[PDB]
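model-v7.cif (mmCIF, N, CA and C atoms) appears below.
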data_model
loop_
_atom_site.label_atom_id
_atom_site.label_comp_id
_atom_site.auth_asym_id
_atom_site.auth_seq_id
_atom_site.Cartn_x
_atom_site.Cartn_y
_atom_site.Cartn_z
N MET A 1 11.69 -17.66 -16.40
CA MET A 1 10.56 -18.32 -17.04
C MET A 1 10.12 -19.55 -16.25
N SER A 2 8.88 -19.95 -16.50
CA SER A 2 8.32 -21.11 -15.82
C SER A 2 8.26 -20.85 -14.31
N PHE A 3 7.16 -20.25 -13.89
CA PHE A 3 6.97 -19.94 -12.48
C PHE A 3 5.49 -19.79 -12.15
N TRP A 4 5.21 -19.68 -10.86
CA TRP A 4 3.84 -19.53 -10.40
C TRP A 4 3.48 -18.04 -10.47
N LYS A 5 4.39 -17.22 -9.98
CA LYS A 5 4.19 -15.78 -9.99
C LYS A 5 4.60 -15.21 -11.35
N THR A 6 5.35 -16.02 -12.08
CA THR A 6 5.82 -15.61 -13.40
C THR A 6 6.10 -14.10 -13.42
N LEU A 7 7.33 -13.76 -13.07
CA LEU A 7 7.74 -12.37 -13.04
C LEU A 7 9.27 -12.29 -12.97
N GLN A 8 9.81 -11.26 -13.60
CA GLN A 8 11.25 -11.06 -13.62
C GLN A 8 11.66 -10.11 -12.49
N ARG A 9 12.83 -10.39 -11.92
CA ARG A 9 13.35 -9.58 -10.84
C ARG A 9 12.35 -9.54 -9.68
N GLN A 10 12.49 -10.51 -8.79
CA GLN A 10 11.62 -10.60 -7.63
C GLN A 10 12.18 -9.79 -6.47
N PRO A 11 11.27 -9.05 -5.79
CA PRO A 11 11.67 -8.22 -4.66
C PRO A 11 11.95 -9.08 -3.42
N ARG A 12 11.95 -8.43 -2.27
CA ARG A 12 12.20 -9.11 -1.02
C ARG A 12 11.40 -8.46 0.11
N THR A 13 11.59 -7.15 0.25
CA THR A 13 10.90 -6.40 1.28
C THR A 13 9.58 -5.85 0.75
N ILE A 14 8.49 -6.34 1.32
CA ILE A 14 7.16 -5.91 0.92
C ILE A 14 6.62 -4.91 1.93
N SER A 15 6.57 -3.65 1.51
CA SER A 15 6.08 -2.59 2.37
C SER A 15 4.59 -2.35 2.10
N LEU A 16 3.77 -2.78 3.05
CA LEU A 16 2.33 -2.61 2.93
C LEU A 16 1.86 -1.56 3.93
N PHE A 17 1.07 -0.62 3.43
CA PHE A 17 0.54 0.44 4.27
C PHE A 17 -0.92 0.17 4.64
N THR A 18 -1.33 0.77 5.75
CA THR A 18 -2.69 0.61 6.22
C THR A 18 -3.52 1.86 5.92
N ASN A 19 -4.78 1.64 5.59
CA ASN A 19 -5.68 2.73 5.28
C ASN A 19 -7.12 2.32 5.60
N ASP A 20 -7.32 1.94 6.86
CA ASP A 20 -8.63 1.52 7.31
C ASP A 20 -9.11 0.35 6.46
N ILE A 21 -10.05 -0.41 7.01
CA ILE A 21 -10.60 -1.55 6.31
C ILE A 21 -11.76 -2.13 7.13
N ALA A 22 -11.43 -3.12 7.95
CA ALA A 22 -12.43 -3.76 8.78
C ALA A 22 -11.91 -3.86 10.22
N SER A 23 -12.33 -4.92 10.89
CA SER A 23 -11.92 -5.14 12.27
C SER A 23 -10.53 -4.54 12.50
N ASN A 24 -9.51 -5.33 12.14
CA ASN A 24 -8.14 -4.89 12.31
C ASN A 24 -7.72 -4.08 11.08
N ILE A 25 -7.84 -2.76 11.21
CA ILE A 25 -7.47 -1.87 10.12
C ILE A 25 -6.09 -2.25 9.59
N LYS A 26 -5.26 -2.74 10.50
CA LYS A 26 -3.91 -3.14 10.14
C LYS A 26 -3.94 -4.58 9.61
N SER A 27 -4.50 -5.46 10.42
CA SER A 27 -4.60 -6.86 10.05
C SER A 27 -5.44 -7.01 8.78
N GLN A 28 -6.71 -6.65 8.91
CA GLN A 28 -7.63 -6.74 7.78
C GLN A 28 -6.97 -6.19 6.51
N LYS A 29 -6.05 -5.25 6.72
CA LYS A 29 -5.34 -4.64 5.61
C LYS A 29 -4.60 -5.72 4.83
N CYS A 30 -3.44 -6.08 5.34
CA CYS A 30 -2.62 -7.10 4.70
C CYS A 30 -3.00 -8.46 5.29
N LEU A 31 -2.89 -8.56 6.60
CA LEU A 31 -3.21 -9.79 7.30
C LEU A 31 -4.36 -10.50 6.56
N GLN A 32 -5.40 -9.73 6.28
CA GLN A 32 -6.56 -10.26 5.58
C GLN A 32 -6.23 -10.49 4.10
N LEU A 33 -5.41 -9.60 3.56
CA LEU A 33 -5.02 -9.69 2.17
C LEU A 33 -4.27 -11.01 1.95
N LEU A 34 -3.29 -11.24 2.80
CA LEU A 34 -2.49 -12.46 2.71
C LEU A 34 -3.34 -13.65 3.15
N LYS A 35 -4.45 -13.34 3.80
CA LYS A 35 -5.35 -14.38 4.27
C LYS A 35 -5.90 -15.16 3.08
N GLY A 36 -5.36 -14.85 1.91
CA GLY A 36 -5.79 -15.51 0.69
C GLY A 36 -5.05 -16.84 0.49
N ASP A 37 -4.14 -16.83 -0.47
CA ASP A 37 -3.36 -18.02 -0.76
C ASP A 37 -2.56 -18.43 0.48
N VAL A 38 -1.36 -18.93 0.23
CA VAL A 38 -0.49 -19.35 1.32
C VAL A 38 0.43 -18.20 1.71
N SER A 39 1.13 -18.39 2.82
CA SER A 39 2.05 -17.38 3.31
C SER A 39 3.45 -17.97 3.45
N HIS A 40 4.40 -17.30 2.81
CA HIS A 40 5.78 -17.75 2.85
C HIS A 40 6.50 -17.31 1.57
N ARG A 41 7.71 -17.82 1.40
CA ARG A 41 8.51 -17.50 0.23
C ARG A 41 9.12 -16.10 0.38
N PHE A 42 8.30 -15.17 0.84
CA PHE A 42 8.74 -13.80 1.03
C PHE A 42 8.29 -13.26 2.39
N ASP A 43 8.85 -12.12 2.74
CA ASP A 43 8.52 -11.49 4.01
C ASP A 43 7.51 -10.36 3.77
N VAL A 44 6.36 -10.48 4.42
CA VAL A 44 5.32 -9.48 4.28
C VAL A 44 5.46 -8.44 5.39
N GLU A 45 5.26 -7.19 5.02
CA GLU A 45 5.36 -6.09 5.97
C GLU A 45 4.02 -5.36 6.09
N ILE A 46 3.47 -5.39 7.29
CA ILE A 46 2.20 -4.74 7.55
C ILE A 46 2.43 -3.53 8.47
N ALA A 47 2.27 -2.35 7.88
CA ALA A 47 2.45 -1.12 8.63
C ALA A 47 1.34 -0.14 8.26
N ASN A 48 0.88 0.59 9.26
CA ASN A 48 -0.18 1.57 9.06
C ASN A 48 0.39 2.98 9.23
N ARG A 49 0.35 3.73 8.14
CA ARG A 49 0.86 5.09 8.15
C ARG A 49 0.43 5.83 6.88
N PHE A 50 0.60 7.15 6.92
CA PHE A 50 0.23 7.98 5.78
C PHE A 50 1.25 7.83 4.64
N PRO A 51 0.71 7.57 3.42
CA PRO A 51 1.56 7.40 2.25
C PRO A 51 2.10 8.75 1.77
N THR A 52 2.86 9.39 2.64
CA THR A 52 3.44 10.69 2.32
C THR A 52 4.33 10.58 1.07
N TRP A 53 4.31 11.64 0.28
CA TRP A 53 5.11 11.68 -0.93
C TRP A 53 6.58 11.63 -0.54
N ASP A 54 6.85 12.05 0.69
CA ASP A 54 8.21 12.07 1.20
C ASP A 54 8.86 10.71 0.94
N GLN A 55 8.23 9.67 1.47
CA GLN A 55 8.74 8.32 1.30
C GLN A 55 8.27 7.74 -0.03
N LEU A 56 7.08 8.15 -0.43
CA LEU A 56 6.51 7.69 -1.68
C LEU A 56 7.32 8.25 -2.85
N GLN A 57 8.03 9.33 -2.57
CA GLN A 57 8.85 9.97 -3.58
C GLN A 57 9.51 8.91 -4.48
N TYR A 58 9.83 7.78 -3.87
CA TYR A 58 10.46 6.69 -4.59
C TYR A 58 9.45 5.97 -5.49
N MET A 59 8.28 5.69 -4.91
CA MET A 59 7.23 5.01 -5.64
C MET A 59 6.57 5.95 -6.66
N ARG A 60 6.54 7.22 -6.30
CA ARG A 60 5.94 8.22 -7.17
C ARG A 60 6.54 8.14 -8.57
N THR A 61 7.80 7.72 -8.62
CA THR A 61 8.50 7.59 -9.88
C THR A 61 8.17 6.24 -10.54
N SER A 62 8.24 5.20 -9.72
CA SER A 62 7.96 3.86 -10.21
C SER A 62 6.45 3.60 -10.17
N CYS A 63 5.71 4.54 -10.73
CA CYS A 63 4.26 4.42 -10.77
C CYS A 63 3.71 5.59 -11.59
N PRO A 64 2.62 5.29 -12.35
CA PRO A 64 1.99 6.30 -13.18
C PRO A 64 1.17 7.28 -12.34
N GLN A 65 0.55 6.74 -11.30
CA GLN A 65 -0.25 7.55 -10.40
C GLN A 65 0.58 8.01 -9.20
N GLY A 66 1.70 7.34 -9.01
CA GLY A 66 2.59 7.66 -7.91
C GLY A 66 1.79 8.02 -6.65
N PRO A 67 1.78 9.35 -6.34
CA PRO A 67 1.07 9.83 -5.17
C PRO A 67 -0.44 9.84 -5.41
N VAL A 68 -0.81 10.21 -6.63
CA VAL A 68 -2.21 10.26 -7.01
C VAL A 68 -2.90 8.97 -6.58
N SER A 69 -2.17 7.87 -6.70
CA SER A 69 -2.69 6.57 -6.33
C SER A 69 -2.99 6.53 -4.83
N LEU A 70 -2.13 7.20 -4.08
CA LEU A 70 -2.28 7.25 -2.63
C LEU A 70 -3.44 8.19 -2.28
N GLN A 71 -3.28 9.44 -2.68
CA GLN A 71 -4.30 10.44 -2.41
C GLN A 71 -5.65 9.98 -2.95
N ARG A 72 -5.59 9.25 -4.06
CA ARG A 72 -6.80 8.74 -4.68
C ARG A 72 -7.32 7.51 -3.92
N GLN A 73 -6.41 6.89 -3.18
CA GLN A 73 -6.76 5.71 -2.41
C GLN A 73 -7.71 6.08 -1.27
N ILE A 74 -7.42 7.21 -0.64
CA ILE A 74 -8.23 7.69 0.47
C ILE A 74 -9.41 8.49 -0.09
N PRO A 75 -10.47 8.62 0.76
CA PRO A 75 -11.65 9.36 0.37
C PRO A 75 -11.40 10.87 0.39
N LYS A 76 -12.10 11.57 -0.49
CA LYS A 76 -11.95 13.01 -0.59
C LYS A 76 -10.57 13.35 -1.16
N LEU A 77 -10.18 12.58 -2.17
CA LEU A 77 -8.90 12.79 -2.81
C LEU A 77 -8.69 14.28 -3.07
N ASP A 78 -9.59 14.84 -3.87
CA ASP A 78 -9.52 16.25 -4.20
C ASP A 78 -9.13 17.05 -2.96
N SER A 79 -9.49 16.50 -1.81
CA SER A 79 -9.18 17.15 -0.54
C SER A 79 -7.71 16.93 -0.19
N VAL A 80 -7.34 15.67 -0.04
CA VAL A 80 -5.97 15.32 0.29
C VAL A 80 -5.11 15.40 -0.97
N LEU A 81 -5.73 15.09 -2.10
CA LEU A 81 -5.03 15.13 -3.37
C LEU A 81 -4.48 16.54 -3.60
N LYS A 82 -4.92 17.46 -2.76
CA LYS A 82 -4.49 18.84 -2.86
C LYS A 82 -3.76 19.24 -1.57
N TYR A 83 -4.49 19.96 -0.73
CA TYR A 83 -3.93 20.41 0.54
C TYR A 83 -4.96 20.29 1.66
N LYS A 84 -6.13 19.79 1.30
CA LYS A 84 -7.21 19.62 2.26
C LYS A 84 -6.76 18.64 3.35
N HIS A 85 -7.69 17.78 3.75
CA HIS A 85 -7.41 16.79 4.77
C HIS A 85 -5.92 16.45 4.76
N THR A 86 -5.35 16.47 3.57
CA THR A 86 -3.93 16.17 3.41
C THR A 86 -3.10 16.94 4.43
N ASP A 87 -3.64 18.08 4.84
CA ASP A 87 -2.96 18.93 5.81
C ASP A 87 -2.30 18.04 6.87
N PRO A 88 -2.05 18.66 8.05
CA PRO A 88 -1.43 17.95 9.15
C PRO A 88 -2.42 16.99 9.82
N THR A 89 -3.48 16.68 9.09
CA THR A 89 -4.51 15.79 9.59
C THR A 89 -4.19 14.34 9.22
N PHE A 90 -3.76 14.17 7.97
CA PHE A 90 -3.42 12.84 7.48
C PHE A 90 -1.90 12.69 7.33
N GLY A 91 -1.24 13.82 7.17
CA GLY A 91 0.21 13.82 7.02
C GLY A 91 0.86 12.76 7.91
N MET A 92 1.46 13.23 9.00
CA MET A 92 2.11 12.33 9.93
C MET A 92 1.48 10.94 9.90
N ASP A 93 0.59 10.72 10.86
CA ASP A 93 -0.10 9.44 10.95
C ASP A 93 -1.53 9.59 10.43
N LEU A 94 -1.74 9.09 9.22
CA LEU A 94 -3.05 9.16 8.60
C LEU A 94 -3.99 8.15 9.26
N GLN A 95 -3.38 7.15 9.89
CA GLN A 95 -4.14 6.12 10.57
C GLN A 95 -5.01 6.73 11.67
N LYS A 96 -4.54 7.85 12.19
CA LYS A 96 -5.26 8.54 13.25
C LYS A 96 -6.59 9.06 12.69
N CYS A 97 -6.60 9.31 11.39
CA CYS A 97 -7.80 9.80 10.74
C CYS A 97 -8.49 8.62 10.05
N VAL A 98 -7.69 7.85 9.32
CA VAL A 98 -8.20 6.70 8.61
C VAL A 98 -8.70 5.66 9.62
N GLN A 99 -8.10 5.69 10.79
CA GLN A 99 -8.47 4.77 11.85
C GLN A 99 -9.98 4.58 11.88
N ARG A 100 -10.68 5.59 11.39
CA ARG A 100 -12.14 5.55 11.36
C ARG A 100 -12.71 6.97 11.33
N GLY A 101 -11.86 7.92 11.70
CA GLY A 101 -12.27 9.32 11.72
C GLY A 101 -12.70 9.78 10.33
N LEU A 102 -12.22 10.95 9.95
CA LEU A 102 -12.54 11.52 8.65
C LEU A 102 -13.48 10.57 7.91
N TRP A 103 -12.89 9.51 7.37
CA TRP A 103 -13.66 8.52 6.63
C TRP A 103 -13.10 7.14 6.97
N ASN A 104 -13.92 6.13 6.73
CA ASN A 104 -13.52 4.76 7.00
C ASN A 104 -13.24 4.04 5.68
N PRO A 105 -11.99 4.22 5.18
CA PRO A 105 -11.58 3.59 3.93
C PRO A 105 -11.33 2.10 4.12
N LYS A 106 -11.08 1.42 3.01
CA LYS A 106 -10.82 -0.01 3.04
C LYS A 106 -9.93 -0.39 1.86
N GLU A 107 -8.86 0.39 1.69
CA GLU A 107 -7.92 0.15 0.61
C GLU A 107 -6.57 -0.28 1.17
N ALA A 108 -5.90 -1.15 0.43
CA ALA A 108 -4.60 -1.65 0.83
C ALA A 108 -3.54 -1.13 -0.13
N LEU A 109 -2.53 -0.49 0.45
CA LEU A 109 -1.44 0.06 -0.34
C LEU A 109 -0.23 -0.87 -0.26
N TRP A 110 0.14 -1.41 -1.42
CA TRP A 110 1.27 -2.31 -1.49
C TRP A 110 2.37 -1.64 -2.32
N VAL A 111 3.51 -1.45 -1.69
CA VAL A 111 4.64 -0.82 -2.35
C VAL A 111 5.90 -1.66 -2.13
N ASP A 112 6.64 -1.86 -3.21
CA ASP A 112 7.86 -2.64 -3.14
C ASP A 112 9.07 -1.71 -3.30
N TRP A 113 9.99 -1.83 -2.36
CA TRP A 113 11.19 -1.01 -2.38
C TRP A 113 12.37 -1.90 -2.77
N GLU A 114 12.04 -3.14 -3.10
CA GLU A 114 13.06 -4.10 -3.49
C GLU A 114 13.22 -4.12 -5.01
N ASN A 115 12.08 -4.13 -5.69
CA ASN A 115 12.08 -4.14 -7.15
C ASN A 115 11.51 -2.82 -7.66
N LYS A 116 11.08 -1.99 -6.72
CA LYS A 116 10.52 -0.69 -7.07
C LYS A 116 9.14 -0.90 -7.70
N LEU A 117 8.41 -1.85 -7.15
CA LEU A 117 7.07 -2.16 -7.65
C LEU A 117 6.03 -1.69 -6.63
N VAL A 118 5.21 -0.75 -7.07
CA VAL A 118 4.17 -0.20 -6.21
C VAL A 118 2.82 -0.31 -6.92
N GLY A 119 1.76 -0.33 -6.12
CA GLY A 119 0.42 -0.43 -6.66
C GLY A 119 -0.63 -0.30 -5.55
N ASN A 120 -1.39 0.79 -5.63
CA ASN A 120 -2.42 1.04 -4.64
C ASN A 120 -3.55 0.03 -4.82
N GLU A 121 -3.43 -1.08 -4.11
CA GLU A 121 -4.43 -2.14 -4.18
C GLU A 121 -3.90 -3.41 -3.51
N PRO A 122 -4.85 -4.18 -2.92
CA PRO A 122 -4.50 -5.42 -2.25
C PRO A 122 -4.20 -6.52 -3.26
N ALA A 123 -4.74 -6.35 -4.45
CA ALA A 123 -4.54 -7.33 -5.51
C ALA A 123 -3.13 -7.16 -6.08
N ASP A 124 -2.61 -5.95 -5.96
CA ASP A 124 -1.28 -5.65 -6.45
C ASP A 124 -0.28 -6.64 -5.85
N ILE A 125 -0.57 -7.05 -4.62
CA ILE A 125 0.29 -7.99 -3.92
C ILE A 125 0.12 -9.38 -4.53
N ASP A 126 -1.11 -9.87 -4.47
CA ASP A 126 -1.42 -11.18 -5.02
C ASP A 126 -0.85 -11.30 -6.43
N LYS A 127 -1.05 -10.24 -7.20
CA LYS A 127 -0.57 -10.20 -8.57
C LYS A 127 0.96 -10.33 -8.57
N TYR A 128 1.59 -9.46 -7.79
CA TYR A 128 3.04 -9.47 -7.69
C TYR A 128 3.51 -10.52 -6.68
N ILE A 129 3.29 -10.22 -5.41
CA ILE A 129 3.69 -11.13 -4.35
C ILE A 129 2.52 -11.33 -3.38
N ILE A 130 1.76 -12.38 -3.63
CA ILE A 130 0.61 -12.69 -2.80
C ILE A 130 1.09 -12.96 -1.37
N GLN A 131 0.20 -13.56 -0.58
CA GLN A 131 0.51 -13.87 0.80
C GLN A 131 1.85 -14.61 0.88
N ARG A 132 2.27 -15.15 -0.26
CA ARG A 132 3.52 -15.88 -0.32
C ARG A 132 4.13 -15.77 -1.72
N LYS A 133 3.75 -14.70 -2.42
CA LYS A 133 4.24 -14.47 -3.76
C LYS A 133 4.06 -15.74 -4.59
#

Hey, can you dump this file as structure tokens for me?
Amino acid sequence: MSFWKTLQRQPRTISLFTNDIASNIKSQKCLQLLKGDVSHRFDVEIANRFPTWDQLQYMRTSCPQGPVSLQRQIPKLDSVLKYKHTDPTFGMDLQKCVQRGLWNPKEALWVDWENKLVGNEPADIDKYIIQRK
């Protein structure tokens, strides 16, 4: 009780995924996200890759939308949300497609493997652990 982030059980490792955005698809992703408040208190992780259910399998549980949130994060969900673009096009490295190909998205995926807190959105971080939690 009595805190700025006001939250129980604080994580540590912040796994942020990239899904196109602006200039620095990677930077603009989190870099820009954290470009909000201050930076510190926690360690921010900026990585660009496809939110495969393989690894998301963990978040898929600790989330109502789980993968849907991911597939829904990218454009043409119904496509990737199924087997479309989702194919070996976005699978491995979706950044190769999100990089600007297929579509030029601008969503930030924030997933916590410390507290098991995930949320497809850049605000999910600020809400949970902003640029400095």

Spell out the residues picked by the PyMOL selection byres ((chain A and resi 39) around 6) here, as a ChimeraX atom specification.
/A:37-38,40-41,131-132

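Here atom C of residue A:53 is placed at a distance of 7.4 Å from atom CA of residue A:67.
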
Mind checking DSSP for stretch 47-82 of chain A and telling me the helix (DSSP H, G or I) residues as a PyMOL selection string?
chain A and resi 53-61+66-73+77-80

Pick out the residues sitting within 7 Å of stretch 16-24 of chain A, and hand them over as a PDB file with N, CA and C atoms, in the coordinates of the input; count all atoms listed in the file, and ignore anything fewer than 4 positions along from it in its own chain.
ATOM      1  N   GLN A  28      -6.710  -6.650   8.910  1.00  0.00           N
ATOM      2  CA  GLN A  28      -7.630  -6.740   7.780  1.00  0.00           C
ATOM      3  C   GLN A  28      -6.970  -6.190   6.510  1.00  0.00           C
ATOM      4  N   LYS A  29      -6.050  -5.250   6.720  1.00  0.00           N
ATOM      5  CA  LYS A  29      -5.340  -4.640   5.610  1.00  0.00           C
ATOM      6  C   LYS A  29      -4.600  -5.720   4.830  1.00  0.00           C
ATOM      7  N   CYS A  30      -3.440  -6.080   5.340  1.00  0.00           N
ATOM      8  CA  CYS A  30      -2.620  -7.100   4.700  1.00  0.00           C
ATOM      9  C   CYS A  30      -3.000  -8.460   5.290  1.00  0.00           C
ATOM     10  N   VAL A  44       6.360 -10.480   4.420  1.00  0.00           N
ATOM     11  CA  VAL A  44       5.320  -9.480   4.280  1.00  0.00           C
ATOM     12  C   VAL A  44       5.460  -8.440   5.390  1.00  0.00           C
ATOM     13  N   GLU A  45       5.260  -7.190   5.020  1.00  0.00           N
ATOM     14  CA  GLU A  45       5.360  -6.090   5.970  1.00  0.00           C
ATOM     15  C   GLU A  45       4.020  -5.360   6.090  1.00  0.00           C
ATOM     16  N   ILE A  46       3.470  -5.390   7.290  1.00  0.00           N
ATOM     17  CA  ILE A  46       2.200  -4.740   7.550  1.00  0.00           C
ATOM     18  C   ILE A  46       2.430  -3.530   8.470  1.00  0.00           C
ATOM     19  N   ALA A  47       2.270  -2.350   7.880  1.00  0.00           N
ATOM     20  CA  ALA A  47       2.450  -1.120   8.630  1.00  0.00           C
ATOM     21  C   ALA A  47       1.340  -0.140   8.260  1.00  0.00           C
ATOM     22  N   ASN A  48       0.880   0.590   9.260  1.00  0.00           N
ATOM     23  CA  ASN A  48      -0.180   1.570   9.060  1.00  0.00           C
ATOM     24  C   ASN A  48       0.390   2.980   9.230  1.00  0.00           C
ATOM     25  N   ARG A  49       0.350   3.730   8.140  1.00  0.00           N
ATOM     26  CA  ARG A  49       0.860   5.090   8.150  1.00  0.00           C
ATOM     27  C   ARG A  49       0.430   5.830   6.880  1.00  0.00           C
ATOM     28  N   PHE A  50       0.600   7.150   6.920  1.00  0.00           N
ATOM     29  CA  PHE A  50       0.230   7.980   5.780  1.00  0.00           C
ATOM     30  C   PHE A  50       1.250   7.830   4.640  1.00  0.00           C
ATOM     31  N   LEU A  94      -1.740   9.090   9.220  1.00  0.00           N
ATOM     32  CA  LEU A  94      -3.050   9.160   8.600  1.00  0.00           C
ATOM     33  C   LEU A  94      -3.990   8.150   9.260  1.00  0.00           C
ATOM     34  N   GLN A  95      -3.380   7.150   9.890  1.00  0.00           N
ATOM     35  CA  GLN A  95      -4.140   6.120  10.570  1.00  0.00           C
ATOM     36  C   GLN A  95      -5.010   6.730  11.670  1.00  0.00           C
ATOM     37  N   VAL A  98      -7.690   7.850   9.320  1.00  0.00           N
ATOM     38  CA  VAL A  98      -8.200   6.700   8.610  1.00  0.00           C
ATOM     39  C   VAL A  98      -8.700   5.660   9.620  1.00  0.00           C
ATOM     40  N   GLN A  99      -8.100   5.690  10.790  1.00  0.00           N
ATOM     41  CA  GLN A  99      -8.470   4.770  11.850  1.00  0.00           C
ATOM     42  C   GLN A  99      -9.980   4.580  11.880  1.00  0.00           C
ATOM     43  N   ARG A 100     -10.680   5.590  11.390  1.00  0.00           N
ATOM     44  CA  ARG A 100     -12.140   5.550  11.360  1.00  0.00           C
ATOM     45  C   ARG A 100     -12.710   6.970  11.330  1.00  0.00           C
ATOM     46  N   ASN A 104     -13.920   6.130   6.730  1.00  0.00           N
ATOM     47  CA  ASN A 104     -13.520   4.760   7.000  1.00  0.00           C
ATOM     48  C   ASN A 104     -13.240   4.040   5.680  1.00  0.00           C
ATOM     49  N   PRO A 105     -11.990   4.220   5.180  1.00  0.00           N
ATOM     50  CA  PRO A 105     -11.580   3.590   3.930  1.00  0.00           C
ATOM     51  C   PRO A 105     -11.330   2.100   4.120  1.00  0.00           C
ATOM     52  N   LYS A 106     -11.080   1.420   3.010  1.00  0.00           N
ATOM     53  CA  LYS A 106     -10.820  -0.010   3.040  1.00  0.00           C
ATOM     54  C   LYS A 106      -9.930  -0.390   1.860  1.00  0.00           C
ATOM     55  N   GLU A 107      -8.860   0.390   1.690  1.00  0.00           N
ATOM     56  CA  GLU A 107      -7.920   0.150   0.610  1.00  0.00           C
ATOM     57  C   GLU A 107      -6.570  -0.280   1.170  1.00  0.00           C
ATOM     58  N   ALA A 108      -5.900  -1.150   0.430  1.00  0.00           N
ATOM     59  CA  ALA A 108      -4.600  -1.650   0.830  1.00  0.00           C
ATOM     60  C   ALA A 108      -3.540  -1.130  -0.130  1.00  0.00           C
ATOM     61  N   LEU A 109      -2.530  -0.490   0.450  1.00  0.00           N
ATOM     62  CA  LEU A 109      -1.440   0.060  -0.340  1.00  0.00           C
ATOM     63  C   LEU A 109      -0.230  -0.870  -0.260  1.00  0.00           C
ATOM     64  N   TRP A 110       0.140  -1.410  -1.420  1.00  0.00           N
ATOM     65  CA  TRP A 110       1.270  -2.310  -1.490  1.00  0.00           C
ATOM     66  C   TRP A 110       2.370  -1.640  -2.320  1.00  0.00           C
ATOM     67  N   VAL A 111       3.510  -1.450  -1.690  1.00  0.00           N
ATOM     68  CA  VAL A 111       4.640  -0.820  -2.350  1.00  0.00           C
ATOM     69  C   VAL A 111       5.900  -1.660  -2.130  1.00  0.00           C
ATOM     70  N   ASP A 112       6.640  -1.860  -3.210  1.00  0.00           N
ATOM     71  CA  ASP A 112       7.860  -2.640  -3.140  1.00  0.00           C
ATOM     72  C   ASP A 112       9.070  -1.710  -3.300  1.00  0.00           C
TER      73      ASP A 112
END

Could you work out how far atom C of residue A:35 lies from atom N of residue A:65, giving the answer in Å with one decimal?
27.0 Å

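If you count only N, CA and C atoms and ignore residues fewer than 3 places along the chain from stretch 4-11 of chain A, what sits within 8 Å of it is residues 1, 14, 42, 43, 112, 113, 114, 115, 116, 117, 126, 127, 128, 129, 130 and 133 of chain A.
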